[PDB]
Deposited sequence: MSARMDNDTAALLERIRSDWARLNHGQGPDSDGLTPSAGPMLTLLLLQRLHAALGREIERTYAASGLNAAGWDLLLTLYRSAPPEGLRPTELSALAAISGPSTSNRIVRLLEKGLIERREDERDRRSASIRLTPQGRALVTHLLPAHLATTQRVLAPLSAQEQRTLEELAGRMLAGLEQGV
């Protein structure tokens, strides 16, 4: 908790120097902690509906980005916020739960899946704005730029 013990972690890294700065290690630690904390907040929107983060992401991505016929698996992953083994049986599970359907693959929301997102979105949108709220307009755009810029350097 806090920046309480960033100083402790900073001085701990300094002891490893035996005769450069700790910024990069601290910055990544902070983003990692931020990723977890953001997870917690965003989760509340849909935890009671029985969804997890991978499930909500897939549903929401279809809601915003699927055309009426749906999205194919390549497209879908390219448009979703979350990828990786974290998302292994998300489609299987959501099919199971009646919230998405297939057609010819090609995936879309069922009516129950769409009403569900429609009902949660206002709170998801509220939480999204609330977690960024400590930051101004510049700052938010700056965060945007730096993240895109870092992210660009790694996308290969």
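Unmodelled regions of the deposited chain sequence (numbering from residue 1, in sequence order): 1 to 7, 27 to 35, 121 to 127, 180 to 181.
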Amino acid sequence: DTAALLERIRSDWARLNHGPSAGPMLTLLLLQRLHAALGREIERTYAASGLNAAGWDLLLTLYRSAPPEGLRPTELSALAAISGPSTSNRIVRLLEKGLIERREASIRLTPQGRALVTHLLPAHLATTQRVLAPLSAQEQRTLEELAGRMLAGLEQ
From here on, numbers count along this sequence of modelled residues.
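Relative to its counterpart among 27 to 35 and 114 to 122, 114 to 122 has the higher mean temperature factor, C-alpha atoms as listed in the PDB entry. Taking only CA atoms, the mean B-factor in the PDB entry is higher for 91 to 99 than for the other of 91 to 99 and 37 to 45.
Among all modelled residues in this chain, the alpha-carbon of residue 11 has a temperature factor (C-alpha) in the lowest third. In this PDB entry, residue 128 carries a Cα temperature factor that places it within the lowest third of its chain's modelled residues. When the modelled residues of the chain are ordered by C-alpha B-factor, residue 104 sits in the highest third. Sort the chain's modelled residues by C-alpha temperature factor and residue 70 lands in the middle third, per the entry.
Ranked against the other modelled residues of its chain, the C-alpha B-factor of residue 137 as given in the entry falls in the highest third.
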